[PDB]
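Engineer: I'd like to ask some things about the structure below.
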Amino acid sequence: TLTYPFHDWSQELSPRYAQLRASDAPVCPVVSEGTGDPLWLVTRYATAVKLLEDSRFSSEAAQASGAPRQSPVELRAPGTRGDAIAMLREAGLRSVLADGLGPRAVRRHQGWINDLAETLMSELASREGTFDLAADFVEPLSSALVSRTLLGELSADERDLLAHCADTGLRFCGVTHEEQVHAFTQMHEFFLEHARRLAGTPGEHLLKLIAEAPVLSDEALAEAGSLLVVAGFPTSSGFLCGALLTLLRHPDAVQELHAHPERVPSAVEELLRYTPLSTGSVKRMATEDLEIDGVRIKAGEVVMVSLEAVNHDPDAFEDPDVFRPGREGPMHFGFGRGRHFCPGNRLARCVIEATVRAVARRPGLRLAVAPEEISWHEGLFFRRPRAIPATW
Ligand code: HEM
Ligand SMILES: O=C1N[C@@H](Cc2c[nH]c3cccc(F)c23)C(=O)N2CCC[C@@H]12
């Protein structure tokens, strides 16, 4: 009877999560709002760990055509394959991905990322009055991350196009079915025309390393660009927006980090636990009849895990709704878990850290409006406020 998602577009999670957690079963049935498909939803940490480490619950099978799904529309450019990451790992690109996303890449980029983040805060601190941390800080920083580390050199107009596509394609509601599908077609056709060129521009960005990988056609490249937009653009920008909100609402913790810069890493990891991002769930499909903490899951059925509900599980985390850097509980779910642990985790932790440090070097940064007055994009997969009015 319960339809999904829960329309908790702001940082205030839906009460339903705590409700499902407190229920009897470790999985609860819900119904997709966008398609009427029946779906299983996991909200408890213990269950989620079991589910995400059991590779018999498949991620790639969860998007074969005909799959039950939480999204109103198939999240691909029509005609195209999908699961670009499986396509890329299957083409023997793991080590390439390691170079473009791993500690080697972090090393290449951590210098400029931190420089950029400090310049943006500097420029903002040398103004009189208030300013918009979303537009004036997050947007250029996440834009530069996507450009410099993932796709290659983007113009302002190309950046705007892909950001619109992500905001239009990656929604539960607010756009027609055909608008949403059209966003993926737009992205696809942009990368069909440009992936080659973006690959060849200067720097050491992932898309170029993929193109120079021995084994990739324009089609394959285009599918890689789309995947990298979807996985790294609206995620990074959403997350940093929410992290800045979390930080500005916790001056005490900010002051602690100002006095103790060695506590910032623990702080980033608490941010990934505390700050919500996605409004939907990671999802997998039972590749056979399976049993989840006693619940029988039939082949073909799809099991969702809300990382938000799991990150806020009190059985796992003491005082789960409090911001506590240096807390010592289990591992957070902000990046998932298991074989599909976000490969973007190093670059995302890089940029997250650069941001937490720029803020902590400048105590007194605060909201210029009440948290309740912040305006949210409604219907997005990845939460993002319209603006973050802030000031010193
Ligand atoms: C440069 C930025 C990023 C890149 C390039 C990136 C890339 C990816 C890719 C390719 C996947 C698919 C892994 C797979 O299914 O095998 C993934 C998964 C994931 N990413 Fe990221 N990511 C980025 C940033 C982020 C951020 C900021 C978050 C914060 C929550 C995040 C959270 C996740 C999660 C939870 C998954 C797992 C989804 C699932 O298990 O179905 N990523 N990422
Ligand atoms: O809302 C969604 N979330 C992702 C998985 C996810 C959860 N939390 C995340 C944080 C960062 C990156 C992610 F991919 C996720 C997903 O499978 N979706 C399918 C339909 C709706 C969309």
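Labeling convention for the structure tokens: chains A, B, ... as they appear, residues from 1 per chain, ligands from 1 in order of appearance.
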Kindly provide the residues of chain A that approach ligand 1 to within 8 Å, each paired with its closest atom pair and their distance in Å to one decimal, based on only C-alpha atoms and all ligand atoms, listed by chain and increasing number, as JSON lines.
Structural biologist:
```
{"residue": "A:52", "atom": "CA", "partner": "ligand 1", "partner_atom_place_in_ligand_line": "40 (O)", "distance": 7.7}
{"residue": "A:59", "atom": "CA", "partner": "ligand 1", "partner_atom_place_in_ligand_line": "41 (O)", "distance": 6.5}
{"residue": "A:60", "atom": "CA", "partner": "ligand 1", "partner_atom_place_in_ligand_line": "15 (O)", "distance": 7.9}
{"residue": "A:83", "atom": "CA", "partner": "ligand 1", "partner_atom_place_in_ligand_line": "15 (O)", "distance": 7.7}
{"residue": "A:85", "atom": "CA", "partner": "ligand 1", "partner_atom_place_in_ligand_line": "10 (C)", "distance": 5.7}
{"residue": "A:86", "atom": "CA", "partner": "ligand 1", "partner_atom_place_in_ligand_line": "16 (O)", "distance": 6.9}
{"residue": "A:101", "atom": "CA", "partner": "ligand 1", "partner_atom_place_in_ligand_line": "5 (C)", "distance": 7.1}
{"residue": "A:145", "atom": "CA", "partner": "ligand 1", "partner_atom_place_in_ligand_line": "1 (C)", "distance": 6.9}
{"residue": "A:146", "atom": "CA", "partner": "ligand 1", "partner_atom_place_in_ligand_line": "1 (C)", "distance": 6.6}
{"residue": "A:149", "atom": "CA", "partner": "ligand 1", "partner_atom_place_in_ligand_line": "1 (C)", "distance": 7.5}
{"residue": "A:150", "atom": "CA", "partner": "ligand 1", "partner_atom_place_in_ligand_line": "5 (C)", "distance": 6.8}
{"residue": "A:227", "atom": "CA", "partner": "ligand 1", "partner_atom_place_in_ligand_line": "10 (C)", "distance": 6.8}
{"residue": "A:228", "atom": "CA", "partner": "ligand 1", "partner_atom_place_in_ligand_line": "5 (C)", "distance": 5.5}
{"residue": "A:229", "atom": "CA", "partner": "ligand 1", "partner_atom_place_in_ligand_line": "5 (C)", "distance": 7.9}
{"residue": "A:231", "atom": "CA", "partner": "ligand 1", "partner_atom_place_in_ligand_line": "6 (C)", "distance": 4.6}
{"residue": "A:232", "atom": "CA", "partner": "ligand 1", "partner_atom_place_in_ligand_line": "3 (C)", "distance": 3.5}
{"residue": "A:233", "atom": "CA", "partner": "ligand 1", "partner_atom_place_in_ligand_line": "2 (C)", "distance": 6.7}
{"residue": "A:235", "atom": "CA", "partner": "ligand 1", "partner_atom_place_in_ligand_line": "27 (C)", "distance": 4.7}
{"residue": "A:236", "atom": "CA", "partner": "ligand 1", "partner_atom_place_in_ligand_line": "27 (C)", "distance": 4.1}
{"residue": "A:237", "atom": "CA", "partner": "ligand 1", "partner_atom_place_in_ligand_line": "27 (C)", "distance": 7.6}
{"residue": "A:238", "atom": "CA", "partner": "ligand 1", "partner_atom_place_in_ligand_line": "27 (C)", "distance": 7.7}
{"residue": "A:239", "atom": "CA", "partner": "ligand 1", "partner_atom_place_in_ligand_line": "27 (C)", "distance": 5.7}
{"residue": "A:240", "atom": "CA", "partner": "ligand 1", "partner_atom_place_in_ligand_line": "27 (C)", "distance": 7.7}
{"residue": "A:272", "atom": "CA", "partner": "ligand 1", "partner_atom_place_in_ligand_line": "30 (C)", "distance": 6.9}
{"residue": "A:277", "atom": "CA", "partner": "ligand 1", "partner_atom_place_in_ligand_line": "30 (C)", "distance": 6.1}
{"residue": "A:278", "atom": "CA", "partner": "ligand 1", "partner_atom_place_in_ligand_line": "30 (C)", "distance": 7.3}
{"residue": "A:281", "atom": "CA", "partner": "ligand 1", "partner_atom_place_in_ligand_line": "41 (O)", "distance": 7.9}
{"residue": "A:282", "atom": "CA", "partner": "ligand 1", "partner_atom_place_in_ligand_line": "41 (O)", "distance": 4.3}
{"residue": "A:283", "atom": "CA", "partner": "ligand 1", "partner_atom_place_in_ligand_line": "41 (O)", "distance": 5.8}
{"residue": "A:284", "atom": "CA", "partner": "ligand 1", "partner_atom_place_in_ligand_line": "41 (O)", "distance": 7.5}
{"residue": "A:307", "atom": "CA", "partner": "ligand 1", "partner_atom_place_in_ligand_line": "35 (C)", "distance": 7.2}
{"residue": "A:333", "atom": "CA", "partner": "ligand 1", "partner_atom_place_in_ligand_line": "35 (C)", "distance": 6.8}
{"residue": "A:334", "atom": "CA", "partner": "ligand 1", "partner_atom_place_in_ligand_line": "30 (C)", "distance": 4.7}
{"residue": "A:335", "atom": "CA", "partner": "ligand 1", "partner_atom_place_in_ligand_line": "35 (C)", "distance": 3.7}
{"residue": "A:336", "atom": "CA", "partner": "ligand 1", "partner_atom_place_in_ligand_line": "35 (C)", "distance": 4.0}
{"residue": "A:337", "atom": "CA", "partner": "ligand 1", "partner_atom_place_in_ligand_line": "40 (O)", "distance": 6.7}
{"residue": "A:338", "atom": "CA", "partner": "ligand 1", "partner_atom_place_in_ligand_line": "40 (O)", "distance": 7.8}
{"residue": "A:339", "atom": "CA", "partner": "ligand 1", "partner_atom_place_in_ligand_line": "16 (O)", "distance": 6.6}
{"residue": "A:340", "atom": "CA", "partner": "ligand 1", "partner_atom_place_in_ligand_line": "16 (O)", "distance": 3.8}
{"residue": "A:341", "atom": "CA", "partner": "ligand 1", "partner_atom_place_in_ligand_line": "37 (C)", "distance": 5.5}
{"residue": "A:342", "atom": "CA", "partner": "ligand 1", "partner_atom_place_in_ligand_line": "19 (C)", "distance": 3.7}
{"residue": "A:343", "atom": "CA", "partner": "ligand 1", "partner_atom_place_in_ligand_line": "8 (C)", "distance": 5.1}
{"residue": "A:344", "atom": "CA", "partner": "ligand 1", "partner_atom_place_in_ligand_line": "6 (C)", "distance": 3.5}
{"residue": "A:345", "atom": "CA", "partner": "ligand 1", "partner_atom_place_in_ligand_line": "24 (C)", "distance": 6.0}
{"residue": "A:346", "atom": "CA", "partner": "ligand 1", "partner_atom_place_in_ligand_line": "1 (C)", "distance": 8.0}
{"residue": "A:347", "atom": "CA", "partner": "ligand 1", "partner_atom_place_in_ligand_line": "1 (C)", "distance": 5.3}
{"residue": "A:348", "atom": "CA", "partner": "ligand 1", "partner_atom_place_in_ligand_line": "27 (C)", "distance": 5.0}
{"residue": "A:349", "atom": "CA", "partner": "ligand 1", "partner_atom_place_in_ligand_line": "27 (C)", "distance": 7.7}
```
Engineer: Only N, CA and C atoms, please: the residues just picked out, written as a tab-separated table (two decimals), in the first residue's frame.
Structural biologist:
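The result, stored in part18.tsv:
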```tsv
chain	number	residue	atom	x	y	z
A	52	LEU	N	23.72	-6.16	0.11
A	52	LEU	CA	24.70	-5.59	-0.81
A	52	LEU	C	25.97	-6.42	-0.93
A	59	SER	N	23.02	-5.99	-9.66
A	59	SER	CA	22.78	-4.61	-10.03
A	59	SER	C	22.51	-4.46	-11.53
A	60	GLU	N	23.36	-5.07	-12.36
A	60	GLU	CA	23.19	-4.99	-13.80
A	60	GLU	C	21.89	-5.66	-14.25
A	83	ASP	N	24.28	0.49	-18.25
A	83	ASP	CA	25.35	-0.06	-17.43
A	83	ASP	C	26.69	0.13	-18.14
A	85	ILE	N	29.27	1.15	-16.82
A	85	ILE	CA	30.40	0.76	-15.97
A	85	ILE	C	30.70	-0.73	-16.13
A	86	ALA	N	29.67	-1.57	-16.21
A	86	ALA	CA	29.89	-2.96	-16.58
A	86	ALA	C	30.50	-3.05	-17.97
A	101	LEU	N	40.65	7.37	-11.40
A	101	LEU	CA	39.84	7.61	-10.21
A	101	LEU	C	40.54	7.27	-8.90
A	145	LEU	N	35.68	19.92	-11.15
A	145	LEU	CA	35.96	18.50	-10.95
A	145	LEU	C	35.51	17.67	-12.15
A	146	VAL	N	34.27	17.86	-12.60
A	146	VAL	CA	33.76	17.06	-13.72
A	146	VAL	C	34.60	17.32	-14.97
A	149	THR	N	38.75	16.35	-14.11
A	149	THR	CA	39.07	14.96	-13.80
A	149	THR	C	38.27	13.92	-14.60
A	150	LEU	N	37.11	14.26	-15.15
A	150	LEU	CA	36.27	13.25	-15.79
A	150	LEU	C	36.22	13.42	-17.30
A	227	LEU	N	27.55	8.31	-18.53
A	227	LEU	CA	27.70	7.68	-17.22
A	227	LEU	C	28.45	8.59	-16.27
A	228	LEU	N	29.53	9.23	-16.74
A	228	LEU	CA	30.33	10.06	-15.84
A	228	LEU	C	29.59	11.33	-15.45
A	229	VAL	N	28.74	11.86	-16.34
A	229	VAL	CA	27.89	12.99	-15.96
A	229	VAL	C	26.97	12.56	-14.83
A	231	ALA	N	26.91	10.02	-12.76
A	231	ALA	CA	27.49	9.49	-11.52
A	231	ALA	C	28.25	10.53	-10.71
A	232	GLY	N	28.77	11.57	-11.37
A	232	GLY	CA	29.69	12.47	-10.70
A	232	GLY	C	29.26	13.92	-10.67
A	233	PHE	N	28.33	14.32	-11.56
A	233	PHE	CA	27.95	15.73	-11.56
A	233	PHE	C	26.88	16.00	-10.51
A	235	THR	N	25.63	14.21	-8.27
A	235	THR	CA	26.02	13.67	-6.97
A	235	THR	C	26.98	14.61	-6.23
A	236	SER	N	28.07	15.03	-6.90
A	236	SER	CA	29.03	15.91	-6.24
A	236	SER	C	28.38	17.23	-5.85
A	237	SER	N	27.61	17.81	-6.76
A	237	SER	CA	27.03	19.12	-6.49
A	237	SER	C	25.96	19.02	-5.42
A	238	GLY	N	25.07	18.04	-5.53
A	238	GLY	CA	24.13	17.81	-4.45
A	238	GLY	C	24.84	17.62	-3.12
A	239	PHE	N	25.85	16.74	-3.08
A	239	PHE	CA	26.41	16.40	-1.78
A	239	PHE	C	27.09	17.61	-1.15
A	240	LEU	N	27.92	18.32	-1.92
A	240	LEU	CA	28.64	19.44	-1.32
A	240	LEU	C	27.67	20.52	-0.85
A	272	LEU	N	29.42	12.10	5.18
A	272	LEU	CA	28.92	11.07	4.28
A	272	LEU	C	27.89	10.17	4.96
A	277	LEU	N	21.64	12.41	0.63
A	277	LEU	CA	21.83	12.78	-0.76
A	277	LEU	C	20.67	12.27	-1.61
A	278	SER	N	20.67	10.98	-1.89
A	278	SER	CA	19.69	10.41	-2.80
A	278	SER	C	18.33	10.35	-2.12
A	281	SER	N	16.75	4.79	-3.90
A	281	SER	CA	17.47	3.68	-3.28
A	281	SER	C	18.43	3.08	-4.28
A	282	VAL	N	19.56	2.54	-3.79
A	282	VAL	CA	20.30	1.64	-4.65
A	282	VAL	C	19.38	0.45	-4.88
A	283	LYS	N	19.54	-0.24	-6.00
A	283	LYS	CA	18.61	-1.33	-6.28
A	283	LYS	C	19.32	-2.50	-6.93
A	284	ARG	N	18.84	-3.71	-6.62
A	284	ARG	CA	19.37	-4.95	-7.16
A	284	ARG	C	18.22	-5.90	-7.44
A	307	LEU	N	20.18	4.19	1.39
A	307	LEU	CA	21.38	4.49	2.14
A	307	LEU	C	21.08	5.51	3.23
A	333	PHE	N	27.22	4.21	4.78
A	333	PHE	CA	26.72	3.76	3.49
A	333	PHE	C	26.67	4.87	2.44
A	334	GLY	N	27.25	6.03	2.74
A	334	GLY	CA	27.22	7.14	1.80
A	334	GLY	C	27.73	6.81	0.42
A	335	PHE	N	28.64	5.84	0.31
A	335	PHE	CA	29.18	5.38	-0.97
A	335	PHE	C	28.67	3.98	-1.33
A	336	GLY	N	27.70	3.47	-0.59
A	336	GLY	CA	27.27	2.12	-0.82
A	336	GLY	C	28.10	1.13	-0.05
A	337	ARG	N	28.35	-0.03	-0.67
A	337	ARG	CA	29.00	-1.16	-0.03
A	337	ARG	C	29.14	-2.32	-1.00
A	338	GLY	N	30.20	-3.11	-0.88
A	338	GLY	CA	30.33	-4.29	-1.72
A	338	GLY	C	31.00	-3.98	-3.05
A	339	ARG	N	30.73	-4.85	-4.02
A	339	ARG	CA	31.37	-4.77	-5.34
A	339	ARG	C	31.11	-3.46	-6.05
A	340	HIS	N	30.04	-2.76	-5.71
A	340	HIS	CA	29.67	-1.54	-6.41
A	340	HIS	C	29.95	-0.31	-5.57
A	341	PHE	N	30.84	-0.44	-4.58
A	341	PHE	CA	31.29	0.71	-3.82
A	341	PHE	C	31.67	1.82	-4.80
A	342	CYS	N	31.14	3.03	-4.56
A	342	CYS	CA	31.39	4.10	-5.52
A	342	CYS	C	32.86	4.20	-5.89
A	343	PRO	N	33.21	3.90	-7.13
A	343	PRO	CA	34.58	4.16	-7.58
A	343	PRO	C	34.95	5.63	-7.55
A	344	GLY	N	33.96	6.55	-7.55
A	344	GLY	CA	34.28	7.97	-7.41
A	344	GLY	C	34.64	8.38	-5.99
A	345	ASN	N	34.75	7.43	-5.06
A	345	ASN	CA	34.87	7.79	-3.65
A	345	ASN	C	36.14	8.58	-3.35
A	346	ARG	N	37.26	8.28	-4.03
A	346	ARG	CA	38.49	9.01	-3.75
A	346	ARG	C	38.39	10.47	-4.20
A	347	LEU	N	37.97	10.69	-5.45
A	347	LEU	CA	37.87	12.06	-5.94
A	347	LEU	C	36.79	12.83	-5.18
A	348	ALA	N	35.70	12.15	-4.80
A	348	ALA	CA	34.66	12.82	-4.04
A	348	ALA	C	35.14	13.18	-2.64
A	349	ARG	N	35.88	12.26	-1.99
A	349	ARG	CA	36.46	12.58	-0.69
A	349	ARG	C	37.50	13.67	-0.81
```
Engineer: Pull the alpha helix (DSSP H) assignments for region 292-369 of chain A out of DSSP run on the backbone, and list those residues as a PyMOL selection string.
Structural biologist: chain A and resi 307-311+345-360
Engineer: To one decimal place, how far is CA of residue 169 (chain A) from CA of residue 211 (chain A) in Å?
Structural biologist: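 Computing the Euclidean distance for CA of residue 169 (chain A) and CA of residue 211 (chain A) yields 25.5 Å.
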Engineer: Could you check which of A:358, A:113, A:170, A:316 is closest to ligand 2, using only C-alpha atoms and all ligand atoms?
Structural biologist: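 Using only C-alpha atoms and all ligand atoms, the shortest distance to ligand 2 belongs to A:170.
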Engineer: CA of residue 180 (chain A) to CA of residue 280 (chain A): how many Å, to one decimal?
Structural biologist: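 For CA of residue 180 (chain A) relative to CA of residue 280 (chain A), the distance reads 16.4 Å.
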Engineer: Could you check which of A:262, A:160, A:223, A:308 is closest to residue 383 (chain A), using only C-alpha atoms?
Structural biologist: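 Of the candidates, the smallest distance to residue 383 (chain A) is held by A:308.
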Engineer: Can you measure CA of residue 77 (chain A) to CA of residue 186 (chain A) for me? One decimal in Å is fine.
Structural biologist: 8.1 Å
Engineer: Residues within 10 Å of residue 38 (chain A), please, as a list in words. Count only C-alpha atoms; anything in the same chain fewer than 2 positions from it doesn't count.
Structural biologist: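 Everything that qualifies: residues 1, 2, 3, 4, 29, 30, 31, 32, 33, 35, 36, 40, 41, 68, 69, 70, 301, 302 and 303 of chain A.
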Engineer: So which residues touch residue 118 (chain A) within 12 Å, counting only C-alpha atoms, skipping near sequence neighbours fewer than 4 positions away, as a ChimeraX atom specification?
Structural biologist: /A:111-114,122-125,137,141,351,353-362
Engineer: Could you check which of A:162, A:198, A:247, A:286 is closest to residue 264 (chain A), using only C-alpha atoms?
Structural biologist: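 Using only C-alpha atoms, residue 264 (chain A) sits closest to A:247.
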Engineer: Between A:350, A:185, A:167, A:56, single out the one closest to residue 110 (chain A), counting only C-alpha atoms.
Structural biologist: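 Smallest distance to residue 110 (chain A) is found for A:350.
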Engineer: Which parts of region 302-346 of chain A does DSSP call strand (DSSP E or B) when run on the backbone here, written out as a list in words?
Structural biologist: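 Selecting the strand (DSSP E or B) positions of region 302-346 of chain A gives residues 302, 303, 304 and 305 of chain A.
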Engineer: Keeping only N, CA, C and O atoms, write those residues as a PDB file, in the first residue's frame.
Structural biologist:
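Okay, result.pdb is ready:
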```
ATOM      1  N   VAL A 302      12.936  -7.028  -7.309  1.00  0.00           N
ATOM      2  CA  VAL A 302      13.964  -6.004  -7.120  1.00  0.00           C
ATOM      3  C   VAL A 302      13.920  -5.523  -5.679  1.00  0.00           C
ATOM      4  O   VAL A 302      12.846  -5.175  -5.161  1.00  0.00           O
ATOM      5  N   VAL A 303      15.102  -5.478  -5.054  1.00  0.00           N
ATOM      6  CA  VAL A 303      15.301  -5.075  -3.663  1.00  0.00           C
ATOM      7  C   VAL A 303      16.084  -3.775  -3.659  1.00  0.00           C
ATOM      8  O   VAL A 303      17.182  -3.695  -4.234  1.00  0.00           O
ATOM      9  N   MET A 304      15.497  -2.760  -3.027  1.00  0.00           N
ATOM     10  CA  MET A 304      16.074  -1.442  -2.859  1.00  0.00           C
ATOM     11  C   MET A 304      16.683  -1.336  -1.469  1.00  0.00           C
ATOM     12  O   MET A 304      16.158  -1.911  -0.511  1.00  0.00           O
ATOM     13  N   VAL A 305      17.780  -0.594  -1.355  1.00  0.00           N
ATOM     14  CA  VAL A 305      18.323  -0.174  -0.063  1.00  0.00           C
ATOM     15  C   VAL A 305      18.392   1.351  -0.056  1.00  0.00           C
ATOM     16  O   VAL A 305      19.006   1.953  -0.948  1.00  0.00           O
TER      17      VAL A 305
END
```
